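[1] sharing the initial chains of the complex here, in place:
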Amino acid sequence: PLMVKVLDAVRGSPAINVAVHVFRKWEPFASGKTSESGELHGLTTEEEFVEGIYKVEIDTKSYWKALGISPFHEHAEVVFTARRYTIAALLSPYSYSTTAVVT
Amino acid sequence: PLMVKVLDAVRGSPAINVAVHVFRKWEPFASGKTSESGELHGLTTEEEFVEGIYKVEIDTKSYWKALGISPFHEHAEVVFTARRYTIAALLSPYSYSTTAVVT
């Protein structure tokens, strides 16, 4: 029911091995690291993911430090009210954009 | 070797049935319409897609008119020098962002 996809706008690549944490209003409850394709599947389950207010926190700063690229943000976080949901993020050192795809 | 993916930032959805045209420096040579997932596969072939300068033109204005949403841009176009390439676009009525994923 919830997937994250992270892309790198500097290198033109998926953002790989990025830490992602999910919280519900903040109680952490799901987290993982992006795969080779920049995607993080299997965070949660249909049973667990109830309506409510969620935060997806992506650890952009350690991703940029692993690349030797100087970052601005501590993270990127995405807070929304809750179908399948994809939270997509496109990362640059001093900016990020995020959209939700709800199908 | 070349795929396009289009997302809608107003509705939170893939952008479906959007016309996409590809040109090589401008000679048109590949075009199609996005699927239900907002993706357009099979534009070209490994043999056809040589190094050079390309333009991907996405017909955003007819997509926004089909939705009853007033657009700004005539289109979105993406011009680059040429692996597999994904051109991703995220659409709003008065803005668009585009990135390339090169794997």
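    Received, thanks. Numbering: from 1, shown residues only, chains lettered A, B, ... in the order given.

[2] identify the bridge partners of the nearest residue to residue A:38 once chain neighbours are set aside.
    The shortest distance from residue A:38 to any non-neighbouring residue, by CB to CB, 6 or more residues apart in numbering or on different chains, is to residue A:14 (2.8 Å). All C-beta spots, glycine's among them, are computed from the backbone N, C-alpha and C. Under DSSP bridges, the beta-bridge partners of residue A:14 are residue A:7.

[3] also residue A:88?
    With DSSP bridges as the rule, residue A:88 is bridged to residue A:5, residue A:99.

[4] what's the local residue count around the residue nearest to residue A:38?
    For residue A:14, the neighbour count with other CB atoms under 10 Å in any protein chain shown is 20.

[5] got it, and residue A:7?
    Residues lying near residue A:7 (other CB under 10 Å) number 22.

[6] surely it touches residue B:101?
    Yes: the criterion here is CB atoms under 8 Å, and residue A:7 meets it with residue B:101 at 6.0 Å.

[7] ok, residue A:57 touching residue A:79?
    No: in this structure, residue A:57 is not within contact of residue A:79 by CB under 8 Å, at 9.2 Å.

[8] quick one: which of those two has more around it?
    Neighbour count, other CB under 10 Å: between residue A:57 and residue A:79, residue A:57 has more, with 19 against 12.

[9] return the set of buried residues in the host helix or strand of that one.
    Element membership of residue A:57 [criterion: DSSP states H and E] is strand A:53-58. Buried residues in strand A:53-58, counted by 16 or more other CB atoms under 10 Å in any protein chain shown: A:54, A:55, A:56, A:57, A:58.

[10] got a list of contacts for the helix or strand that that strand is followed by?
    For strand A:53-58, the following helix or strand on the C-terminal side (DSSP H and E) is helix A:60-67. Under the contact criterion CB atoms under 8 Å, 6 or more residues apart in numbering or on different chains, helix A:60-67 has outside partners A:10-11, A:15, A:17-19, A:70-71, A:73-76, A:91, A:93, A:96.

[11] same check, this time on stretch A:95-103
    Residues outside stretch A:95-103 that contact it (CB under 8 Å, 6+ apart): A:60, A:72-73, A:76, A:78, A:80, A:83-90, B:7, B:9, B:12-14, B:90, B:97.

[12] build in chain C:
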Amino acid sequence: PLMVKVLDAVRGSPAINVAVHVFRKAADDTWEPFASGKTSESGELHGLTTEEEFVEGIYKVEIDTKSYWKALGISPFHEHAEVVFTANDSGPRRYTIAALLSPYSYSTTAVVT
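    Same chains as before, plus chain C:
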């Protein structure tokens, strides 16, 4: 030293009368309220803070995009847009945080001078 600018990608306009809340991380690792304000008719919020107040630290700027969209009559996806960043670590700088809003997306960038 800190300004915030907010634009609407649906209407092609400045995002007016948007609430912006700033917090600073405190020593016990909670967020301390630091400054707030609302965007003007140009979508800009100036006068949040002063050179004297704005010390080094980790800040959170939270833009209330939910109430902006509901005041337009639209049901948005996100509760707010934000940036969390470390400020002034090599001395004072001037930071502009710009945010571009749509119902299901936003982007934000920082300009540091």
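
[13] in light of the added chain C, please revisit the contacts of helix A:60-67.
    In contact with helix A:60-67 (CB under 8 Å, 6+ apart) are residues A:10-11, A:15, A:17-19, A:70-71, A:73-76, A:91, A:93, A:96.

[14] who are the packing partners of whichever strand or helix holds residue A:30?
    Using DSSP H and E, residue A:30 falls within strand A:27-33. With contacts taken as 3 or more CB pairs under 8 Å, 6 or more residues apart in numbering or on different chains; DSSP states H and E, strand A:27-33 sits against strand A:19-24.

[15] nearest residue to the residue nearest the centre of chain A in space, please, no chain neighbours.
    Taking CA atoms, centre = their mean as the criterion, residue A:58 is the residue nearest the geometric centre of chain A, at 4.5 Å. Counting by CB to CB, 6+ apart, residue A:58 lies nearest to residue A:76, which is 4.6 Å off, once chain neighbours are set aside.

[16] ok, that neighbour - how many residues close by?
    Around residue A:76 there are 26 residues (other CB under 10 Å).

[17] list phi and psi for it.
    phi -120, psi 140 (degrees, to the nearest 10).

[18] the residue nearest to the centre of chain A and chain B, how far apart?
    16 Å (CB to the nearest CB, to the nearest Å).

[19] ok, now residue A:50?
    19 Å.

[20] what's the neighbour count on the residue nearest to that residue when sequence neighbours are not counted?
    Using CB to CB, 6+ apart and skipping residues adjacent in sequence, the residue nearest residue A:50 is residue A:82, 7.6 Å away. Neighbour count of residue A:82, defined by other CB under 10 Å: 16.

[21] can you name the residues that contact residue A:82?
    Contact analysis of residue A:82 by CB under 8 Å, 6+ apart lists A:49, A:50, A:51, A:52, A:53, A:54.

[22] could you redo the last one with a cut-off of 10 Å?
    With contact taken as CB atoms under 10 Å, 6 or more residues apart in numbering or on different chains, residue A:82 is in contact with A:1, A:2, A:24, A:49, A:50, A:51, A:52, A:53, A:54, A:100, A:102, C:77.

[23] also residue A:91?
    By CB under 10 Å, 6+ apart, the contact list for residue A:91 reads A:6-11, A:15, A:18, A:38, A:58, A:60, A:63-64, A:69, A:71, A:73, A:76, A:97-98, B:99.

[24] just the buried members of those?
    Using 16+ other CB under 10 Å as the burial test, these include A:6-9, A:15, A:18, A:38, A:58, A:60, A:63-64, A:71, A:73, A:76, A:97-98, B:99 as buried.

[25] while you're at it, add chain D from this line:
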Amino acid sequence: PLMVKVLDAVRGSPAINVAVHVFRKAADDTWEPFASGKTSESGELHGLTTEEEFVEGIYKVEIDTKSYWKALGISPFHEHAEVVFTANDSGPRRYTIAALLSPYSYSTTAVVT
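    The block that follows adds chain D to the chains above:
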């Protein structure tokens, strides 16, 4: 009536000395050169045109992002960033085209007042 603002998402800065070319679609459906300039130290390009010159029509603003990135020593993906839009169709308006640049991406929005 037309301004362009360009920001760098890598450096967190204005994109200075960026070339911007404006074209207008002519009656035979070719692009006619309309105006050009370079961004200032604030990343802004003012004085492109005048109310009198800027009539209704379909414009293309082409931002030379390739030479910006190569002058920084970086090999970018896109040749340029752009917008193509119909201007002044219900009378004069003021248009700001803003663009945010990274080596493999860009976004652009329009603010119309």
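
[26] take the neighbour count of residue A:7 again, chain D included.
    24.

[27] try residue A:20
    Number of residues near residue A:20 (other CB under 10 Å) recorded here: 22.

[28] can you list the residues of chain A near chain D?
    Within chain A, the positions adjacent to chain D are A:7-13, A:69-72, A:90-97 by CB under 10 Å from any CB of the partner chain.

[29] swap in 6 Å and give it another go.
    Proximity of chain A to chain D (CB under 6 Å from any CB of the partner chain) is limited to residues A:9, A:10, A:12, A:72, A:92, A:93, A:94, A:95.

[30] taking those together, which two end up most distant?
    Greatest spatial distance among the residues of chain A next to chain D (CB to CB): A:12 and A:72, at 19.5 Å.

[31] ok, these two, which is more surrounded?
    More neighbours surround residue A:72 than the other of residue A:12 and residue A:72, with 28 against 22 (other CB under 10 Å).

[32] surely that one meets residue D:9?
    No: the criterion here is CB atoms under 6 Å, and residue A:72 misses it with residue D:9 at 9.3 Å.

[33] shared neighbours of those two, which are they?
    Among the neighbours of residue A:72, those also in contact with residue D:9 (CB atoms under 6 Å, 6 or more residues apart in numbering or on different chains) are residue A:94.

[34] follow-up on the earlier one: tell me which residues touch the residue nearest to the centre of chain A, please.
    A:20, A:75, A:76, A:89.

[35] and what of residue A:32?
    By CB under 6 Å, 6+ apart, the residues touching residue A:32 are A:20, A:40, A:43.

[36] what number of residues lie near the second one?
    Residue A:40 has 24 neighbouring residues, counting by other CB under 10 Å.

[37] distance of it from chain C?
    As judged by CB to the nearest CB, residue A:40 and chain C stand 19 Å apart.

[38] check contacts around that residue.
    A:4, A:20, A:32, A:34.

[39] nearest to chain D among those residues?
    Nearest to chain D among the contacts of residue A:40 is residue A:34, at 17.4 Å by CB to the nearest CB.

[40] residue A:7 contacts residue A:89, doesn't it?
    No: at 7.1 Å, residue A:7 does not count as touching residue A:89 under the criterion of CB under 6 Å.

[41] and the angle for the strand holding residue A:57 with strand A:95-102?
    Angle between the axes of strand A:53-58 and strand A:95-102 is 130 degrees (criterion: axes from the mean of the first three to the mean of the last three CA atoms, to 10 degrees).
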